[PDB]
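Peer 1: As input, take entry14.csv (CSV, N, CA and C atoms):
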```csv
chain,number,residue,atom,x,y,z
F,1,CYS,N,1.8,-15.1,-19.3
F,1,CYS,CA,1.3,-15.8,-18.1
F,1,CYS,C,-0.1,-16.5,-18.4
F,2,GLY,N,-0.7,-16.0,-19.5
F,2,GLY,CA,-2.0,-16.6,-19.8
F,2,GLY,C,-3.1,-15.6,-19.9
F,3,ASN,N,-4.0,-15.7,-21.0
F,3,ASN,CA,-5.1,-14.8,-21.2
F,3,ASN,C,-4.7,-13.3,-21.4
F,4,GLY,N,-3.5,-13.1,-21.8
F,4,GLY,CA,-3.0,-11.7,-22.0
F,4,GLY,C,-2.7,-11.0,-20.7
F,5,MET,N,-2.7,-11.6,-19.5
F,5,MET,CA,-2.5,-11.0,-18.3
F,5,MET,C,-1.0,-11.2,-17.9
F,6,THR,N,-0.1,-10.5,-18.6
F,6,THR,CA,1.3,-10.5,-18.3
F,6,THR,C,1.6,-9.8,-17.0
F,7,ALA,N,2.6,-10.3,-16.3
F,7,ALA,CA,2.9,-9.8,-15.0
F,7,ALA,C,3.6,-8.4,-15.1
F,8,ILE,N,4.0,-8.0,-16.3
F,8,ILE,CA,4.6,-6.7,-16.4
F,8,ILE,C,3.7,-5.6,-16.1
F,9,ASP,N,2.4,-5.8,-16.4
F,9,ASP,CA,1.4,-4.8,-16.1
F,9,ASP,C,1.3,-4.5,-14.6
F,10,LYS,N,1.2,-5.5,-13.8
F,10,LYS,CA,1.2,-5.3,-12.3
F,10,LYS,C,2.5,-4.9,-11.7
F,11,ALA,N,3.6,-5.3,-12.4
F,11,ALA,CA,4.9,-4.8,-12.0
F,11,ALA,C,5.0,-3.3,-12.2
F,12,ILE,N,4.5,-2.8,-13.3
F,12,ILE,CA,4.4,-1.4,-13.5
F,12,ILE,C,3.5,-0.7,-12.5
F,13,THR,N,2.4,-1.4,-12.2
F,13,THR,CA,1.4,-0.9,-11.2
F,13,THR,C,2.1,-0.7,-9.9
F,14,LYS,N,3.0,-1.7,-9.5
F,14,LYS,CA,3.7,-1.5,-8.2
F,14,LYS,C,4.7,-0.4,-8.3
F,15,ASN,N,5.1,0.0,-9.5
F,15,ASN,CA,6.0,1.2,-9.8
F,15,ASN,C,7.4,1.0,-9.1
F,16,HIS,N,8.0,-0.1,-9.5
F,16,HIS,CA,9.4,-0.4,-9.1
F,16,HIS,C,10.3,-0.5,-10.4
F,17,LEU,N,11.5,0.1,-10.3
F,17,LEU,CA,12.3,0.3,-11.5
F,17,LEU,C,13.2,-0.8,-11.8
F,18,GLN,N,13.7,-1.6,-10.8
F,18,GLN,CA,14.7,-2.6,-11.0
F,18,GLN,C,14.3,-3.7,-11.9
F,19,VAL,N,13.1,-4.3,-11.6
F,19,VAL,CA,12.6,-5.4,-12.4
F,19,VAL,C,12.2,-4.9,-13.8
F,20,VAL,N,11.7,-3.7,-13.9
F,20,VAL,CA,11.4,-3.2,-15.2
F,20,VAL,C,12.6,-3.0,-16.1
F,21,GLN,N,13.7,-2.5,-15.5
F,21,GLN,CA,14.9,-2.3,-16.2
F,21,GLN,C,15.5,-3.7,-16.6
F,22,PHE,N,15.4,-4.7,-15.7
F,22,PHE,CA,15.9,-6.0,-16.0
F,22,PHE,C,15.2,-6.6,-17.1
F,23,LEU,N,13.8,-6.5,-17.2
F,23,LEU,CA,13.0,-7.0,-18.3
F,23,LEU,C,13.4,-6.3,-19.6
F,24,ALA,N,13.6,-5.0,-19.5
F,24,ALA,CA,13.9,-4.2,-20.7
F,24,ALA,C,15.3,-4.7,-21.3
F,25,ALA,N,16.2,-4.9,-20.4
F,25,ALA,CA,17.5,-5.4,-20.8
F,25,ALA,C,17.4,-6.8,-21.4
F,26,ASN,N,16.5,-7.6,-20.8
F,26,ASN,CA,16.3,-9.0,-21.3
F,26,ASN,C,15.8,-9.0,-22.8
F,27,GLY,N,15.1,-7.9,-23.2
F,27,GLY,CA,14.6,-7.9,-24.5
F,27,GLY,C,13.1,-8.2,-24.7
F,28,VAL,N,12.2,-7.6,-23.8
F,28,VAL,CA,10.8,-7.9,-23.9
F,28,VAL,C,10.3,-7.3,-25.2
F,29,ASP,N,9.3,-8.0,-25.8
F,29,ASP,CA,8.8,-7.6,-27.1
F,29,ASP,C,7.8,-6.5,-26.9
F,30,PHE,N,8.2,-5.3,-27.2
F,30,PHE,CA,7.3,-4.1,-27.2
F,30,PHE,C,6.3,-4.2,-28.3
F,31,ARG,N,6.6,-4.8,-29.4
F,31,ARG,CA,5.6,-5.0,-30.5
F,31,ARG,C,4.4,-5.9,-30.0
F,32,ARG,N,4.7,-6.9,-29.2
F,32,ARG,CA,3.6,-7.7,-28.8
F,32,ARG,C,2.6,-7.0,-27.9
F,33,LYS,N,1.3,-7.3,-28.1
F,33,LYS,CA,0.2,-6.6,-27.4
F,33,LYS,C,-0.5,-7.6,-26.6
F,34,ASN,N,-1.1,-7.1,-25.5
F,34,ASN,CA,-1.8,-7.9,-24.5
F,34,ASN,C,-3.2,-8.2,-25.0
F,35,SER,N,-4.0,-8.7,-24.1
F,35,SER,CA,-5.4,-9.0,-24.5
F,35,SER,C,-6.2,-7.7,-24.9
F,36,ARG,N,-5.9,-6.6,-24.2
F,36,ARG,CA,-6.5,-5.4,-24.5
F,36,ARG,C,-6.0,-4.8,-25.8
F,37,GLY,N,-4.9,-5.3,-26.3
F,37,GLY,CA,-4.3,-4.8,-27.5
F,37,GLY,C,-3.4,-3.6,-27.4
F,38,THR,N,-3.0,-3.3,-26.2
F,38,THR,CA,-2.2,-2.1,-25.9
F,38,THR,C,-0.7,-2.5,-25.7
F,39,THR,N,0.2,-1.7,-26.2
F,39,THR,CA,1.6,-1.9,-26.1
F,39,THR,C,2.0,-1.8,-24.7
F,40,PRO,N,3.1,-2.4,-24.3
F,40,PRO,CA,3.6,-2.3,-22.9
F,40,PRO,C,3.9,-0.9,-22.4
F,41,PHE,N,4.4,0.0,-23.3
F,41,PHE,CA,4.6,1.3,-22.8
F,41,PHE,C,3.3,2.1,-22.7
F,42,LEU,N,2.3,1.8,-23.6
F,42,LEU,CA,1.0,2.4,-23.4
F,42,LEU,C,0.3,1.9,-22.1
F,43,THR,N,0.6,0.6,-21.8
F,43,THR,CA,0.1,0.1,-20.5
F,43,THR,C,0.7,0.8,-19.3
F,44,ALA,N,2.0,1.1,-19.4
F,44,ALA,CA,2.7,1.8,-18.4
F,44,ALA,C,2.2,3.2,-18.2
F,45,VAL,N,1.9,3.9,-19.3
F,45,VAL,CA,1.3,5.2,-19.3
F,45,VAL,C,-0.1,5.1,-18.6
F,46,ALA,N,-0.9,4.1,-19.0
F,46,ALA,CA,-2.2,3.9,-18.4
F,46,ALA,C,-2.1,3.5,-16.9
F,47,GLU,N,-1.0,3.0,-16.4
F,47,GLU,CA,-0.8,2.8,-15.0
F,47,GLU,C,-0.3,4.0,-14.3
F,48,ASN,N,0.0,5.1,-14.9
F,48,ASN,CA,0.5,6.3,-14.3
F,48,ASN,C,1.8,6.1,-13.6
F,49,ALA,N,2.7,5.5,-14.3
F,49,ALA,CA,4.1,5.3,-13.8
F,49,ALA,C,5.0,6.3,-14.5
F,50,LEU,N,5.3,7.4,-13.7
F,50,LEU,CA,6.1,8.4,-14.2
F,50,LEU,C,7.6,8.0,-14.5
F,51,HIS,N,8.2,7.4,-13.6
F,51,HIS,CA,9.6,7.0,-13.7
F,51,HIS,C,9.8,5.8,-14.7
F,52,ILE,N,8.9,4.9,-14.7
F,52,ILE,CA,9.0,3.8,-15.6
F,52,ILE,C,8.8,4.2,-17.1
F,53,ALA,N,7.8,5.1,-17.3
F,53,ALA,CA,7.6,5.6,-18.6
F,53,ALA,C,8.8,6.5,-19.0
F,54,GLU,N,9.3,7.3,-18.1
F,54,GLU,CA,10.5,8.1,-18.4
F,54,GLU,C,11.7,7.3,-18.8
F,55,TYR,N,12.0,6.2,-18.1
F,55,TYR,CA,13.1,5.4,-18.5
F,55,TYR,C,12.8,4.7,-19.8
F,56,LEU,N,11.6,4.3,-20.1
F,56,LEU,CA,11.3,3.6,-21.3
F,56,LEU,C,11.4,4.6,-22.5
F,57,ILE,N,11.0,5.8,-22.3
F,57,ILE,CA,11.1,6.8,-23.4
F,57,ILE,C,12.6,7.2,-23.6
F,58,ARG,N,13.3,7.4,-22.5
F,58,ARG,CA,14.7,7.9,-22.6
F,58,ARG,C,15.6,6.9,-23.2
F,59,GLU,N,15.6,5.7,-22.7
F,59,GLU,CA,16.6,4.7,-23.1
F,59,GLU,C,16.2,3.8,-24.2
F,60,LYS,N,14.9,3.9,-24.7
F,60,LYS,CA,14.4,3.1,-25.8
F,60,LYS,C,13.8,4.0,-26.9
F,61,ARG,N,14.5,5.0,-27.3
F,61,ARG,CA,14.1,5.9,-28.4
F,61,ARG,C,14.0,5.1,-29.7
F,62,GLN,N,15.1,4.3,-30.0
F,62,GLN,CA,15.2,3.6,-31.2
F,62,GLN,C,14.3,2.3,-31.2
F,63,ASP,N,14.1,1.7,-30.0
F,63,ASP,CA,13.4,0.5,-29.9
F,63,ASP,C,11.9,0.6,-30.2
F,64,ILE,N,11.3,1.7,-29.7
F,64,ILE,CA,9.9,2.0,-30.0
F,64,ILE,C,9.8,3.3,-30.8
F,65,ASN,N,9.1,3.2,-31.9
F,65,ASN,CA,8.8,4.4,-32.7
F,65,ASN,C,7.8,5.4,-32.0
F,66,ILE,N,8.0,6.7,-32.2
F,66,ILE,CA,7.1,7.6,-31.6
F,66,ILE,C,5.8,7.6,-32.4
F,67,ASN,N,5.7,7.0,-33.5
F,67,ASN,CA,4.5,6.8,-34.3
F,67,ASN,C,3.8,5.5,-34.0
F,68,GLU,N,4.5,4.6,-33.2
F,68,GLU,CA,3.9,3.3,-32.9
F,68,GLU,C,2.6,3.5,-32.1
F,69,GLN,N,1.6,2.7,-32.5
F,69,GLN,CA,0.2,2.8,-32.0
F,69,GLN,C,-0.3,1.4,-31.7
F,70,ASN,N,-1.3,1.3,-30.8
F,70,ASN,CA,-2.0,0.1,-30.5
F,70,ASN,C,-3.0,-0.3,-31.5
F,71,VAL,N,-3.9,-1.3,-31.2
F,71,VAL,CA,-4.9,-1.7,-32.1
F,71,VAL,C,-5.9,-0.6,-32.3
F,72,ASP,N,-6.3,0.2,-31.3
F,72,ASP,CA,-7.2,1.3,-31.4
F,72,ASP,C,-6.5,2.5,-32.0
F,73,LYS,N,-5.2,2.5,-32.1
F,73,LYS,CA,-4.4,3.6,-32.8
F,73,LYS,C,-4.6,4.9,-32.0
F,74,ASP,N,-4.1,4.8,-30.7
F,74,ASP,CA,-4.1,6.0,-29.8
F,74,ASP,C,-2.6,6.2,-29.4
F,75,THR,N,-2.3,7.5,-29.2
F,75,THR,CA,-1.0,7.9,-28.6
F,75,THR,C,-1.1,7.9,-27.1
F,76,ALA,N,0.0,8.0,-26.4
F,76,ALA,CA,0.1,8.0,-25.0
F,76,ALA,C,-0.4,9.4,-24.4
F,77,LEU,N,-0.5,10.4,-25.2
F,77,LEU,CA,-0.8,11.7,-24.7
F,77,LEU,C,-2.2,11.7,-24.2
F,78,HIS,N,-3.2,11.2,-24.9
F,78,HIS,CA,-4.6,11.2,-24.5
F,78,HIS,C,-4.8,10.3,-23.2
F,79,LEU,N,-4.1,9.1,-23.2
F,79,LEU,CA,-4.2,8.3,-22.1
F,79,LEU,C,-3.6,8.9,-20.8
F,80,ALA,N,-2.6,9.7,-21.0
F,80,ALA,CA,-1.9,10.4,-19.9
F,80,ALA,C,-2.8,11.6,-19.4
F,81,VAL,N,-3.4,12.3,-20.3
F,81,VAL,CA,-4.3,13.4,-19.9
F,81,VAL,C,-5.6,12.8,-19.2
F,82,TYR,N,-5.9,11.6,-19.5
F,82,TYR,CA,-7.0,10.9,-18.9
F,82,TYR,C,-6.9,10.8,-17.3
F,83,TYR,N,-5.6,10.9,-16.9
F,83,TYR,CA,-5.3,10.9,-15.4
F,83,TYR,C,-4.9,12.3,-14.9
F,84,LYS,N,-5.1,13.3,-15.8
F,84,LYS,CA,-4.9,14.7,-15.4
F,84,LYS,C,-3.5,15.1,-15.0
F,85,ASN,N,-2.5,14.3,-15.3
F,85,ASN,CA,-1.1,14.5,-14.9
F,85,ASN,C,-0.5,15.6,-15.8
F,86,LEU,N,0.4,16.4,-15.2
F,86,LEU,CA,1.0,17.5,-15.8
F,86,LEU,C,2.5,17.4,-16.1
F,87,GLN,N,3.3,17.0,-15.2
F,87,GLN,CA,4.8,17.0,-15.4
F,87,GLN,C,5.1,16.0,-16.5
F,88,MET,N,4.6,14.8,-16.4
F,88,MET,CA,4.9,13.7,-17.4
F,88,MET,C,4.3,14.1,-18.8
F,89,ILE,N,3.2,14.8,-18.8
F,89,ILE,CA,2.7,15.2,-20.1
F,89,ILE,C,3.6,16.3,-20.7
F,90,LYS,N,4.2,17.2,-19.9
F,90,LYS,CA,5.2,18.1,-20.4
F,90,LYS,C,6.4,17.4,-20.9
F,91,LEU,N,6.9,16.4,-20.2
F,91,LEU,CA,8.0,15.6,-20.7
F,91,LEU,C,7.7,14.9,-22.0
F,92,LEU,N,6.5,14.4,-22.1
F,92,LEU,CA,6.0,13.8,-23.4
F,92,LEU,C,6.0,14.8,-24.5
F,93,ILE,N,5.6,16.0,-24.2
F,93,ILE,CA,5.5,17.1,-25.2
F,93,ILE,C,6.9,17.5,-25.7
F,94,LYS,N,7.9,17.6,-24.8
F,94,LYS,CA,9.2,18.0,-25.1
F,94,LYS,C,10.0,16.9,-25.9
F,95,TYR,N,9.5,15.7,-26.0
F,95,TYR,CA,10.1,14.7,-26.8
F,95,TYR,C,9.7,14.7,-28.2
F,96,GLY,N,8.8,15.6,-28.6
F,96,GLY,CA,8.3,15.6,-30.0
F,96,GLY,C,7.3,14.5,-30.3
F,97,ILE,N,6.2,14.5,-29.7
F,97,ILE,CA,5.2,13.5,-29.9
F,97,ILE,C,4.5,13.7,-31.3
F,98,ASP,N,4.1,12.6,-31.9
F,98,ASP,CA,3.5,12.7,-33.2
F,98,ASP,C,2.0,13.0,-33.0
F,99,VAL,N,1.5,13.9,-33.8
F,99,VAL,CA,0.1,14.3,-33.8
F,99,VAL,C,-0.5,14.2,-35.2
F,100,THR,N,0.2,13.7,-36.1
F,100,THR,CA,-0.2,13.7,-37.5
F,100,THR,C,-0.4,12.2,-38.0
F,101,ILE,N,-0.7,11.3,-37.1
F,101,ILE,CA,-0.9,9.9,-37.4
F,101,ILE,C,-2.4,9.6,-37.3
F,102,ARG,N,-2.9,8.5,-37.9
F,102,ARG,CA,-4.3,8.2,-38.0
F,102,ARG,C,-4.8,7.8,-36.6
F,103,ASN,N,-6.1,7.7,-36.4
F,103,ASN,CA,-6.8,7.3,-35.2
F,103,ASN,C,-8.1,6.6,-35.6
F,104,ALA,N,-8.6,5.8,-34.7
F,104,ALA,CA,-9.7,4.9,-35.0
F,104,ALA,C,-11.1,5.5,-34.7
F,105,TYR,N,-11.3,5.9,-33.4
F,105,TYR,CA,-12.6,6.3,-32.9
F,105,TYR,C,-12.9,7.7,-33.3
F,106,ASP,N,-11.9,8.5,-33.7
F,106,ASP,CA,-12.2,9.8,-34.3
F,106,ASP,C,-12.9,10.8,-33.4
F,107,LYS,N,-12.3,11.1,-32.2
F,107,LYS,CA,-12.7,12.2,-31.4
F,107,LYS,C,-11.5,13.1,-31.2
F,108,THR,N,-11.7,14.4,-31.4
F,108,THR,CA,-10.6,15.4,-31.3
F,108,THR,C,-10.4,15.8,-29.8
F,109,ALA,N,-9.4,16.6,-29.6
F,109,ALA,CA,-9.1,17.1,-28.2
F,109,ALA,C,-9.7,18.4,-27.9
F,110,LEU,N,-9.8,19.4,-28.8
F,110,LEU,CA,-10.3,20.7,-28.5
F,110,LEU,C,-11.8,20.6,-28.2
F,111,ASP,N,-12.6,19.8,-28.9
F,111,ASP,CA,-14.0,19.7,-28.6
F,111,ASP,C,-14.3,19.1,-27.3
F,112,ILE,N,-13.6,18.1,-26.9
F,112,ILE,CA,-13.7,17.5,-25.6
F,112,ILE,C,-13.1,18.4,-24.5
F,113,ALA,N,-12.2,19.2,-24.9
F,113,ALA,CA,-11.6,20.1,-23.9
F,113,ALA,C,-12.6,21.3,-23.6
F,114,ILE,N,-13.4,21.7,-24.5
F,114,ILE,CA,-14.4,22.7,-24.2
F,114,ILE,C,-15.4,22.3,-23.1
F,115,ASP,N,-15.8,21.0,-23.2
F,115,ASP,CA,-16.9,20.6,-22.2
F,115,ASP,C,-16.4,19.3,-21.4
F,116,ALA,N,-15.1,19.2,-21.1
F,116,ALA,CA,-14.6,18.2,-20.3
F,116,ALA,C,-13.8,18.7,-19.1
F,117,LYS,N,-13.6,20.0,-19.0
F,117,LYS,CA,-13.1,20.6,-17.8
F,117,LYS,C,-11.6,20.1,-17.5
F,118,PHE,N,-10.7,20.4,-18.4
F,118,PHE,CA,-9.3,20.4,-18.1
F,118,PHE,C,-8.7,21.6,-18.8
F,119,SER,N,-8.0,22.4,-18.1
F,119,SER,CA,-7.5,23.7,-18.6
F,119,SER,C,-6.0,23.8,-18.7
F,120,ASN,N,-5.2,23.4,-17.7
F,120,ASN,CA,-3.8,23.6,-17.7
F,120,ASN,C,-3.1,22.9,-18.9
F,121,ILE,N,-3.5,21.6,-19.1
F,121,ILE,CA,-2.9,20.9,-20.2
F,121,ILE,C,-3.1,21.5,-21.6
F,122,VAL,N,-4.4,21.9,-21.9
F,122,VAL,CA,-4.7,22.4,-23.2
F,122,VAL,C,-4.1,23.8,-23.3
F,123,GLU,N,-4.0,24.6,-22.2
F,123,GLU,CA,-3.3,25.9,-22.3
F,123,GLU,C,-1.8,25.7,-22.6
F,124,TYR,N,-1.2,24.7,-22.0
F,124,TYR,CA,0.2,24.4,-22.2
F,124,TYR,C,0.4,24.0,-23.7
F,125,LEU,N,-0.6,23.2,-24.2
F,125,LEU,CA,-0.5,22.8,-25.6
F,125,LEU,C,-0.5,24.1,-26.5
F,126,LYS,N,-1.4,25.0,-26.3
F,126,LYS,CA,-1.6,26.2,-27.1
F,126,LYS,C,-0.4,27.2,-26.9
F,127,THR,N,0.2,27.2,-25.7
F,127,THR,CA,1.1,28.2,-25.4
F,127,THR,C,2.4,28.2,-26.2
F,128,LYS,N,3.1,27.0,-26.1
F,128,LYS,CA,4.5,26.9,-26.7
F,128,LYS,C,4.4,26.2,-28.0
F,129,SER,N,3.9,25.0,-28.0
F,129,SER,CA,3.9,24.1,-29.2
F,129,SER,C,2.9,24.7,-30.2
F,130,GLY,N,3.4,25.5,-31.2
F,130,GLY,CA,2.5,26.1,-32.2
F,130,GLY,C,2.8,27.5,-32.5
```
Give the structure from this file in structure tokens form.
Peer 2:
Amino acid sequence: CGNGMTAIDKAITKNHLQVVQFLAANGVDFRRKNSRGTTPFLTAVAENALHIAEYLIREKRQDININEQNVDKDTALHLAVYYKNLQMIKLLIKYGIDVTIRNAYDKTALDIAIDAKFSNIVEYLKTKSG
């Protein structure tokens, strides 16, 4: 639409599934990045769309790699924890998220967890996965 402000971002913000599924069937380029440099699924995670992200991860396993990263090289896990959500982070964990890929700004999760006041997510990380 211009200046990297694609309407799919606000469509995900509205949190409606029909148009999102129609666009996914049409073949939207997940490799293409917006002005912010974030992939459409990363944008959907940043918009806190549980059902849209769930559909994108379930029916597009082969379309988008679990190692695929944006320009700043971040996974959806940190962006999801940024909104303190729990159910969708458990869903992301049970999909086998990658934690062994590079990152740019180089801040870990344990150190920020000590002095950033989130408990349930980090305890869930330590409980089962490991």
Peer 1: Please determine, counting all atoms listed in the file, which residue among F:84, F:62, F:48, F:74 has the shortest atom-to-atom distance to residue F:118.
Peer 2: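 Of F:84, F:62, F:48, F:74, the one nearest residue F:118 is F:84, counting all atoms listed in the file.
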Peer 1: Just the residues within 7 Å of stretch 49-55 of chain F, please, counting all atoms listed in the file, with nothing from its chain fewer than 6 positions along; format it as a count of residues only.
Peer 2: 6
Peer 1: Within 12 Å of residue F:119, counting only C-alpha atoms, which residues qualify if same-chain residues fewer than 3 places away don't, as a CSV table (one decimal) with N, CA and C atoms, in the frame of the given file?
Peer 2:
```
chain,number,residue,atom,x,y,z
F,81,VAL,N,-3.4,12.3,-20.3
F,81,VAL,CA,-4.3,13.4,-19.9
F,81,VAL,C,-5.6,12.8,-19.2
F,84,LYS,N,-5.1,13.3,-15.8
F,84,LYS,CA,-4.9,14.7,-15.4
F,84,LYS,C,-3.5,15.1,-15.0
F,85,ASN,N,-2.5,14.3,-15.3
F,85,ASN,CA,-1.1,14.5,-14.9
F,85,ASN,C,-0.5,15.6,-15.8
F,86,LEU,N,0.4,16.4,-15.2
F,86,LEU,CA,1.0,17.5,-15.8
F,86,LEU,C,2.5,17.4,-16.1
F,109,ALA,N,-9.4,16.6,-29.6
F,109,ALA,CA,-9.1,17.1,-28.2
F,109,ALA,C,-9.7,18.4,-27.9
F,110,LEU,N,-9.8,19.4,-28.8
F,110,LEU,CA,-10.3,20.7,-28.5
F,110,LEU,C,-11.8,20.6,-28.2
F,112,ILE,N,-13.6,18.1,-26.9
F,112,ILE,CA,-13.7,17.5,-25.6
F,112,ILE,C,-13.1,18.4,-24.5
F,113,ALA,N,-12.2,19.2,-24.9
F,113,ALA,CA,-11.6,20.1,-23.9
F,113,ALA,C,-12.6,21.3,-23.6
F,114,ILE,N,-13.4,21.7,-24.5
F,114,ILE,CA,-14.4,22.7,-24.2
F,114,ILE,C,-15.4,22.3,-23.1
F,115,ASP,N,-15.8,21.0,-23.2
F,115,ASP,CA,-16.9,20.6,-22.2
F,115,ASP,C,-16.4,19.3,-21.4
F,116,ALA,N,-15.1,19.2,-21.1
F,116,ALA,CA,-14.6,18.2,-20.3
F,116,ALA,C,-13.8,18.7,-19.1
F,122,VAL,N,-4.4,21.9,-21.9
F,122,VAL,CA,-4.7,22.4,-23.2
F,122,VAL,C,-4.1,23.8,-23.3
F,123,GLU,N,-4.0,24.6,-22.2
F,123,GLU,CA,-3.3,25.9,-22.3
F,123,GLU,C,-1.8,25.7,-22.6
F,124,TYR,N,-1.2,24.7,-22.0
F,124,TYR,CA,0.2,24.4,-22.2
F,124,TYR,C,0.4,24.0,-23.7
F,125,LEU,N,-0.6,23.2,-24.2
F,125,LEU,CA,-0.5,22.8,-25.6
F,125,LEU,C,-0.5,24.1,-26.5
F,126,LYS,N,-1.4,25.0,-26.3
F,126,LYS,CA,-1.6,26.2,-27.1
F,126,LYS,C,-0.4,27.2,-26.9
F,127,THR,N,0.2,27.2,-25.7
F,127,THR,CA,1.1,28.2,-25.4
F,127,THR,C,2.4,28.2,-26.2
```
Peer 1: May I have the residues within 6.5 Å of residue F:38 as a list in words, using only N, CA and C atoms and disregarding those fewer than 6 positions away in the same chain?
Peer 2: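 Contacts, with the query itself left out: residues 32, 70 and 71 of chain F.
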Peer 1: Just checking: using only N, CA and C atoms, which residue out of F:90, F:128, F:73, F:117 ends up closest to residue F:105?
Peer 2: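 Smallest distance to residue F:105 is found for F:73.
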Peer 1: Between atom N of residue F:35 and atom N of residue F:4, what is the spacing in Å?
Peer 2: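 The value is 5.0 Å.
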Peer 1: Using backbone DSSP assignments, extract all alpha helix (DSSP H) residues from stretch 12-129 of chain F; output them as a PyMOL selection string.
Peer 2: chain F and resi 12-14+17-26+40-46+50-59+76-81+87-94+110-114+120-127
Peer 1: Can you work out which one of F:120, F:65, F:75, F:129 has the shortest atom-to-atom distance to residue F:31, counting only C-alpha atoms?
Peer 2: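 The answer is F:65, which sits nearest to residue F:31.
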Peer 1: Leaving out residue F:30 and any residue of its chain fewer than 3 positions from it, which residues lie within 8 Å of it when counting only C-alpha atoms, given as a VMD selection string?
Peer 2: chain F and resid 33 39 to 41 64
